[PDB]
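For reference, the chain that follows is the form deposited in one PDB entry, supplied as structure tokens.
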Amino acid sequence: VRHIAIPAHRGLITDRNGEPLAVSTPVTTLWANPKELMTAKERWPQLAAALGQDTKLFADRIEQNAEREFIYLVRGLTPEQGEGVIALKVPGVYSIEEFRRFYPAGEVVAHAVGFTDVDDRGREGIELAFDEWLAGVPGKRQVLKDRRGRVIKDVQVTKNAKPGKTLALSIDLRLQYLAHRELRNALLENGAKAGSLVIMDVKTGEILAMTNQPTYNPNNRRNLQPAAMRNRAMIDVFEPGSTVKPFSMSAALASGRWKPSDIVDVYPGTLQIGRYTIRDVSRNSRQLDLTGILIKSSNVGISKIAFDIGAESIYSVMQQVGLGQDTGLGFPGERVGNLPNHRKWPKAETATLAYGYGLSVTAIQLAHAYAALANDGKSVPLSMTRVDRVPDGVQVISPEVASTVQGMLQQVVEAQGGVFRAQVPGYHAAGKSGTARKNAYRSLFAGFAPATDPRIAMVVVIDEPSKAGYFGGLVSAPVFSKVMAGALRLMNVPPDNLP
């Protein structure tokens, strides 16, 4: 190299409405030529003190690099801080105009946006995922230096730096601040270890919000534990439990063998399958209709329906909605989980599959699956970027079966003995709670609203609640309520629970 790199301007990242999320800010990097510094030793303590370096340790560094023509002194100073060191007129001290990322929303979109390294290269999240679009191409400038390495002049701009391109994400910052605030509050209120909240636009496949606890400030790195950096909604796999019962119910209704008014005997609240024992949470029931199986969240009831229709029909619905399937988002470190398949399904595996014990999914996958159901059984491909021209979508559940299932889920929320904490002020909502044993628990709520013209699907995951309450309908459902209520207002969704 007789040339020095011209860092290009990194692409602006914004939310869906142009709110900046990642801003390339001008910084100044100082470098020095030790062969020039070696003839100006009486200036070193002044230069050391301006750099925040120890006098002797700085002098040692120069003396050791004496034959080298380039050393970095300090990186990423404000243009003002850098201009101050240049003003000392220390022979052989030079500056390079660089760029450093600033994240205006900080810890609020840390996991989605990600961050760049010291070299301004995308290391996590969107920054990495879209690195090629955002980076552009670094320029080149030919220099003239005497034999001592002293930079005389810039000969030419060999290759002009081409700046990065802007990126508008699908994230609505208002919804993102709202989900972030409320998930933080739920974590603190319950003494919970971690959590995730995902908001989906059921019509466009857009991820409107994706927040996780714990989080970190991407602007102030240093000391950061791995727990805080984990983009949980995409990288944490979990058993979805009772939240998959709507999909087992879709298979039952699509079979031709079941209707909502159908009865299933669940007495005495247990069912033995060889050495394994299926157990219901509440065990004071005998005959339950299909809606009552979802309200009471009966594992016995769903297991018996699964035996009637066969696991192959259930697996097919769960596979089609995307449970344990690749999202198609080339998102760094995103997990696929697992949807177990069998050549021939045994009795025990049929039952555990129908109630979500036999499977691992992400909160993104669960939200996408509820979006398909909410969107009249049609699955629109997921997007982390703003969707202007919406792709076609795949019909994964018949519209009639999807409509019936939506109605039962509105009853789960609105009916006697139902998930009353998930109710949305002034709207009809629909959803299903889940509680998974990890005793350590995972508290879930999945749902959508308005129930009469769905617009939003949402998943709330609260990992390890440490207070008396651990059930999803008690821990996660009130989060869904507050966030959904706020999001429908922000999106000008007309209330459908009109007096």
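Take the two forms, superpose them, and find the largest set of C-alpha atoms that agree within 1.5 Å; that set is the rigid core. Heads up: residue numbers just count along the shown sequence, starting at 1.
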Count of coordinate-less deposited residues separating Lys438 and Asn439, as none, 1 to 3, 4 to 9, or 10 or more?
10 or more
On average, which has the higher Cα B-factor in the deposited entry, 302 to 310 or 276 to 284?
276 to 284
Mean temperature factor over C-alpha atoms, higher-scoring stretch between 465 to 473 and 41 to 49
465 to 473
Using only the C-alpha B-factors in the record, can you name which of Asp388, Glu182, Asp376, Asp146 has the highest?
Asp146
Can you tell me which of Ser248, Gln213, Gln395, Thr78 has the highest Cα temperature factor in the record?
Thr78
Within this chain, which third does the Cα B-factor at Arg455 fall in: lowest, middle or highest?
lowest
Is the Cα B-factor recorded for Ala415 in the lowest, middle or highest third of its chain?
highest
In terms of the CA temperature factor given in the entry, to which third of its chain does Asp119 belong: lowest, middle or highest?
highest
Which third, lowest, middle or highest, does the CA B-factor of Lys140 fall in along this chain?
highest
Tertile call for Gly426 (CA temperature factor, within chain, third-based) is the middle
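One more form of this protein should be noted, the form deposited in another entry, which is absent from this view; the next part is about it.
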Large Cα shift (2 Å or above) at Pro465 between this form and the one not shown, core-fitted:
yes
Rigid core fitted, then: does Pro34 show a CA shift of 2 angstroms or greater between this form and the one not shown?
yes
Would you tell me if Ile62 moves between this form and the one not shown by 2 Å or more at its C-alpha, with the rigid core held superposed?
yes
Closer or farther apart in the other entry, the C-alpha atoms of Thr350 and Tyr470, for a change of 3 Å or more?
closer
Between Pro465 and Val460, does the Cα distance in the other entry come out closer or farther than in this form, changing by 3 Å or more?
farther
